[PDB]
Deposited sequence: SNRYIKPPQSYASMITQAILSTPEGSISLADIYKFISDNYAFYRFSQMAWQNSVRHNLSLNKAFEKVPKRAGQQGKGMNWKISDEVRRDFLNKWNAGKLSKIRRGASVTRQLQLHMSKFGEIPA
């Protein structure tokens, strides 16, 4: 059973993990599990993808620690969530792709569930 590294970006998989929870907040440990559950490649891969995940959570503006026991929880920032909701309800979004990896996951979750968790 061979597995290939999916082309999805780390920020895209993280956004997916946060939107999967009912409260829109999730711990690093559960983000690891979500990735291994939904993308089998990372379940058995030896590379240090967790280092890259942590790098993306801290550096990407869209991800923000919530006070919320080893680690705290992560959610989508209020600025990025409020911004998307305003653009979503004000009309179609631009077809631009550069840097919209998080925006696309919000678009998908919104078109299926009608709301971004919080």
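Asker: Could you list, start to end, the deposited-sequence stretches with no C-alpha atoms?
Answerer: Since the structure holds only modelled residues, the stretches it omits are 1, 70 to 74.
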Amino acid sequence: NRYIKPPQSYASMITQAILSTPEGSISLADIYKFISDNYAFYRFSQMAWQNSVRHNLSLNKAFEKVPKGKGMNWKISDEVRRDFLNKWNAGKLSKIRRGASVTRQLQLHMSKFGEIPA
From here on, numbers count along this sequence of modelled residues.
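Asker: Name the higher of the two by mean Cα B-factor in the PDB entry, 32 to 40 versus 49 to 57.
Answerer: The entry gives the higher C-alpha B-factor average to 32 to 40.
Asker: Which wins on mean Cα temperature factor, 3 to 11 or 109 to 117?
Answerer: Taking the mean B-factor of the alpha carbons in each, 109 to 117 is higher.
Asker: Quick one: classify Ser25 as lowest, middle or highest third of the chain based on its Cα B-factor.
Answerer: Middle third.
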